[PDB]
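Only one structure is covered here, and it is reproduced in the block below.
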Amino acid sequence: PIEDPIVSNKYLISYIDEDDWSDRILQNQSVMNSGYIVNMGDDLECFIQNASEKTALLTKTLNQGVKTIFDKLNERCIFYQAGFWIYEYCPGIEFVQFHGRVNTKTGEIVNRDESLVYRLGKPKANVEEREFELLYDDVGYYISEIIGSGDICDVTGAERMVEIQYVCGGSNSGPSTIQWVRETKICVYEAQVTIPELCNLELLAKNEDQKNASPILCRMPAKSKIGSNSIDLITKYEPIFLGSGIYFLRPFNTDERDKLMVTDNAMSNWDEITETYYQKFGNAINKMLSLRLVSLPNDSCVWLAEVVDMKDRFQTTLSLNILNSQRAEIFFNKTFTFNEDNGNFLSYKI
């Protein structure tokens, strides 16, 4: 890993209320002595605060992960239609990119293009013999597999190979699938796969980003009297891209209620509601419930949440009742008024 004293330190700006700040940072002297306060003239004053076992897990992770990768891959090949290209990866045979499509029902290609001769690399049956590395990225720790034994590319004069990275797909039960694959160098390609079984290894566990940050406490000067800018939106709320142009703003305030957010232009006019709105919100909601973002209290309930634009302007309210199946219905009410006393769920049928 690479760091430097200008980037190694990491901060996270958090917002707190007005009378909260009045008697939370200002009244204690110990905290005031640990850090100091900065003023922007207006009330945007922020108080900044200044501040063998391991290797056994590294070494075991590498071994166990490779053996586990082969465990699932041993069943069959995998394939990913990357726009115009398709990359088929087999369990220790050879990696290539060819034109075509696959029939989801049988998992077989339409044809084999004898005319599209591409060679990404030849792995080896004797996986035990091959050497692998344990590197890391934003997603987490991963196993590196260089598949060589390729011909030289006259362009520069480098033998054809490919760099494969094994990462965990989180909650993705099944065999195995690829995320993306593309050329990286003149004759080198890169590919990344996601498998659920790698998460078994602590270092390769999903949702593990080293978020350790000296917190910087700020307070709202105006309390959103003007249209809150996007920077206020992402400092008050932690967005999560739910796809289809819909974000899920979860508040840092544990008391407040979370609200969806829309950004697409074709979903501007809410006075008329077309099928595109319903399909887009259905995809987004399916992805959300798959992400386990919405939190059941402690039971089936109706879920009511706002929708805001890039400027946190309320447009409608999304009403959703979960049916514990593939089907789901979504309603949009512009006329719905909110009770600040309760959160999202209002009707409980345990």
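By the numbers in Swiss-Prot, the shown part of chain A spans 25-75, 92-338, 346-397.
Determination method: electron microscopy, 3.7 Å.
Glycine residues also receive a Cβ, built from the backbone N, Cα and C atoms like all the rest.
Swiss-Prot lists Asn52, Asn74, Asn380 with the feature N-linked glycosylation site. The disulfide bond annotation in Swiss-Prot covers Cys70-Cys258, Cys117-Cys130, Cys193-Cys227, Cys208-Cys239. Annotation source Swiss-Prot lists domain 'MRH' at 115-241, citing sequence analysis. Under the heading mannooligosaccharide derivative binding site, Swiss-Prot lists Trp125, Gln137, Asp194, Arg200, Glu223, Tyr229, citing similarity to another entry as support.
Feature map: annotations from Swiss-Prot on the structure.
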residue: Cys117; record: disulfide bond; CB count, 10 Å: 14
residue: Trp125; record: mannooligosaccharide derivative binding site; CB count, 10 Å: 16
residue: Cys130; record: disulfide bond; CB count, 10 Å: 14
residue: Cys193; record: disulfide bond; CB count, 10 Å: 14
residue: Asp194; record: mannooligosaccharide derivative binding site; CB count, 10 Å: 9
residue: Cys208; record: disulfide bond; CB count, 10 Å: 26
residue: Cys227; record: disulfide bond; CB count, 10 Å: 21
residue: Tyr229; record: mannooligosaccharide derivative binding site; CB count, 10 Å: 22
residue: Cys239; record: disulfide bond; CB count, 10 Å: 19
residue: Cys258; record: disulfide bond; CB count, 10 Å: 20
Cα distance (Å, whole number) from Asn52 (N-linked glycosylation site) to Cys70 (disulfide bond):
15
So of all those recorded positions, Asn74, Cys193, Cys227, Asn380, which one's Cα sits nearest to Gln137 (mannooligosaccharide derivative binding site)?
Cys227
Neighbour count, 10 Å Cβ-Cβ cut-off, for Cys70 (disulfide bond): what number do you get?
17
Reported as an integer number of Å, what is the Cα distance between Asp194 (mannooligosaccharide derivative binding site) and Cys130 (disulfide bond)?
27
Across the 16-residue break in this deposited model, measure the distance from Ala75 to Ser92 using their CA atoms, rounded to a whole number of Å.
28
Collapsed DSSP category at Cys227 (disulfide bond):
coil
With every protein chain in view, what's the tally of Cβ atoms within 10 Å of the Cβ of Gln137 (mannooligosaccharide derivative binding site), excluding that atom itself?
19
CA-CA, which of the recorded positions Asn74, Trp125, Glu223, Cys227, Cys258 lies nearest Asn380 (N-linked glycosylation site)?
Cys258
Reduced to three states, what secondary structure does DSSP give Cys70 (disulfide bond)?
strand
